[PDB]
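Take a look at the structure set out below.
A, B, ... follow the sequence lines: proteins, then strands. Residue 1 opens every chain. Counting starts at 1 for both ligands and their atoms, following the listed order. For the numbers below, each heavy atom of this structure counts, side chains included, while hydrogens, waters and symmetry mates do not.
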Amino acid sequence: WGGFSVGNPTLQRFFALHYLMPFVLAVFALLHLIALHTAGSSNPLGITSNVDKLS
Amino acid sequence: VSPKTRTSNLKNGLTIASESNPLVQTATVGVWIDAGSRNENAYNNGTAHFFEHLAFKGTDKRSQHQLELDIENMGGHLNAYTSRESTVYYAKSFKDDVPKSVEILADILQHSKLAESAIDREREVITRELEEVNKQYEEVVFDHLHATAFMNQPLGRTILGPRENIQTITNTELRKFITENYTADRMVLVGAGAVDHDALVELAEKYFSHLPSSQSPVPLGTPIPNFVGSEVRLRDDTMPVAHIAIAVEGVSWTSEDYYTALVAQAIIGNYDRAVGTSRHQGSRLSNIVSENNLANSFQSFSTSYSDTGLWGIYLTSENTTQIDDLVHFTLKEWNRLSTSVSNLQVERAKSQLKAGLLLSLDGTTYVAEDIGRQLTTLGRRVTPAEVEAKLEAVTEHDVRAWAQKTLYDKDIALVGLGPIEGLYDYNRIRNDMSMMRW
Ligand code: HEM
């Protein structure tokens with residue numbers, strides 16, 4: 001809180017973190033795609049798609 | 001300046017066409033027929049090819065064995081081939097063996113036995129041919145290419161025909177085919193090399209005078225094809241070389257754009273890594289392909305028929321991870337026929353073609369094939385002076401205008417055989433038929 005209850009210090013820190021967190025979230029979103037790229041997307045049948053790929 | 005092609009007719013309407021060469025001692029005489037597989041329907045598809053086998057199986061006079069001996073004794077050989085629109089039967093011999101050869105050809109065409117026993121024997125031979133073309137990859141590719149480009153149309157059928165027809169072809173339907181199609185007004189007797197025209201006309205009057213005439217004689221090389229943009233993929237991961245053909249609808253023999261299409265084809269040209277000079281060719285595609293090792297070979301083609309054609313390229317490659325690059329660069333070179341070609345490429349291709357069209361005819365069989373093809377597709381032999389004039393009339397504006405209506409943003413027919421995993425889907429190939437920057 002930066003004090004003894006929710007007040008001005010808490011609001012100002014939540015603003016700075018609320019601005020930051022979406023950039024962190026974008027990095028993790030990119031990380032999970034890079035991790036996925038080793039296997040590729042799964043598909044609704046649950047089988048390999050290595051036999052039949054589309055760009 | 002080559003000797004003049006002499007041309008005479010008989011009364012039935014058989015054309016005789018000859019070109020003498022007093023420097024050679026052999027002669028090629030034969031019969032070019034304006035008829036082929038395209039004249040069959042779906043039920044008798046394969047008949048024309050079946051007949052070609054039976055033509056050499058014995059006549060009313062000479063048996064199979066006597067036929068063999070007669071040709072052996074002549075000293076030369078006989079040859080035949082059936083295509084979609086043309087059948088040829090010729091005999092290469094010595095100068096003074098020409099009357100024998102004309103007589104044998106006249107016999108096998110008019111007076112063939114087509115004996116049920118021989119039909120039944122060949123029916124197995126031809127059945128085995130169905131499982132051995134499989135090896136001739138270029139032919140596999142081009143037959144699938146016609147099948148898909150002219151889907152469900154007569155040009156799309158194969159020459160061998162389906163297995164089912166081979167088992168049901170009778171001597172009746174064979175006889176009917178050759179009676180309807182092998183008529184005098186559709187036939188040309190051709191002699192090239194050591195032949196006298198006047199001698200050949202006499203031999204024609206002796207042997208081919210009792211040929212049927214058709215009821216309605218149309219001119220030689222008289223034919224609607226509806227091209228289908230489409231693809232056939234015959235993936236085979238065990239093959240080391242990919243074979244790919246890409247084509248658009250091209251031009252007929254009598255198109256006004258016939259020479260423009262040949263010039264455009266010459267701008268792309270051919271390439272083969274095994275030939276020493278190919279790394280130094282002027283063609284842009286040749287330079288891209290050779291520098292980047294994209295292919296073992298490519299061959300541009302412009303096939304014509306009476307009422308349509310296919311214009312395109314045939315590629316072979318071992319580079320299985322760069323098939324995409326090979327196809328991409330090929331189609332971007334086609335785009336440039338629409339967007340970029342100038343007098344520089346056009347004049348270079350015309351130079352190369354003016355010689356090429358003459359160079360091709362370097363033996364009596366090639367000359368005979370040229371006379372026969374021209375007479376059965378155009379109705380006349382076109383003199384080199386006329387050909388030189390038609391080539392000269394092709395400008396860069398003509399090439400660009402032709403490419404813009406024939407290639408640019410058009411549907412393609414595409415066949416891939418072998419390790420073609422890297423060949424992208426139809427849309428991505430067809431999207432290379434235009435350039436977003438233009
Ligand atoms: C900002 C949030 C996210 C974005 C922009 C995002 C984006 C994507 C994209 C574009 C793909 C590939 C296409 C697709 O399958 O839809 C994907 C796949 C996947 N995502 Fe997400 N994602 C996000 C959040 C999440 C979350 C919260 C999870 C798991 C709890 C998750 C797990 C996965 C998995 C497992 C796959 C692979 C699914 C497959 O193709 O079989 N993602 N994501």
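Of all protein N, O or S atoms, those under 2.8 Å from atom 21 (Fe) of ligand 1 number 1.
Distance from atom 15 (O) of ligand 1 to its nearest protein heavy atom, with residue and atom name: A:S41 OG, 4.6 Å.
Counting atoms of ligand 1 from 1 in the listed order, those under 4.0 Å from a heavy atom of A:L25 are 1 (C). For ligand 1, the atoms sitting less than 4.0 Å from at least one non-hydrogen atom of A:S42 are 39 (C), 40 (O), 41 (O), numbered in the order shown with element in parentheses.
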| Derivation of the salt bridge (charged side-chain N to carboxylate O under 4.0 Å, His left out) call for B:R233 and B:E231 | CA-CA 6 Å; B:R233 294 174 185 267; B:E231 111 208 331; 2.9 Å; yes
| said: As a quick check of understanding, evaluate side-chain hydrogen bond (donor to acceptor under 3.5 Å, both in side chains) for B:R273 and B:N296, giving each step before the final call. | reply: CA-CA 5 Å; B:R273 75 167 176 184; B:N296 289 354; 3.3 Å; yes
| field | Test log, rule side-chain hydrogen bond (donor to acceptor under 3.5 Å, both in side chains), inputs B:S297 and B:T316 | value | CA-CA 5 Å; B:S297 72; B:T316 67; 2.7 Å; yes
| said: Please evaluate residues B:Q281 and B:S278 with respect to the criterion side-chain hydrogen bond (donor to acceptor under 3.5 Å, both in side chains), reporting the C-alpha separation (whole Å), side-chain torsions for both, the decisive distance (0.1 Å), and the verdict. | reply: CA-CA 5 Å; B:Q281 295 182 127; B:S278 68; 5.3 Å; no
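Evaluated for a salt bridge (charged side-chain N to carboxylate O under 4.0 Å, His left out) with B:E85, the options B:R373, B:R38, B:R186 yield exactly one hit, B:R38. Remark: of the listed residues B:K135, B:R128, B:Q136, B:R128 is the sole one forming a side chain to side chain donor-acceptor pair (under 3.5 Å) with B:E132.
Under the 4.0 Å distance rule, the nearest protein heavy atom to atom 9 (C) of ligand 1 falls inside the cut-off. Protein heavy atoms are absent from the space less than 4.0 angstrom from atom 27 (C) of ligand 1. Less than 4.0 angstrom separates atom 32 (C) of ligand 1 from at least one non-hydrogen atom of the protein. In this structure, atom 17 (C) of ligand 1 has a protein heavy-atom contact shorter than 4.0 Å. Shown here, atom 6 (C) of ligand 1 is in close reach of the protein: a heavy atom of it lies under 4.0 Å off. For atom 2 (C) of ligand 1, no protein heavy-atom neighbour is present inside the 4.0 Å cut-off. By the definition of a contact as any protein heavy atom under 4.0 Å away, atom 13 (C) of ligand 1 is not in contact. At a distance under 4.0 Å, a protein heavy atom can be found next to atom 21 (Fe) of ligand 1.
Ring planes of B:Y314 and B:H243: parallel class, angle under 30° (limits at 30 and 60°). Between A:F23 and A:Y19, the two ring planes are parallel [angle under 30°; tilted spans 30° to 60°]. Taking the six-membered ring where the residue is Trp, B:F56 and B:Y89 present tilted rings, their angle falling between 30° and 60°.
Between B:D143 and B:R84 there is a salt bridge, since a side-chain N of the basic residue sits under 4.0 Å from a carboxylate O of the acidic one.
Geometric assessment of A:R13 against the ring of A:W1 yields a negative cation-pi assignment under the 6.0 Å and 45° thresholds.
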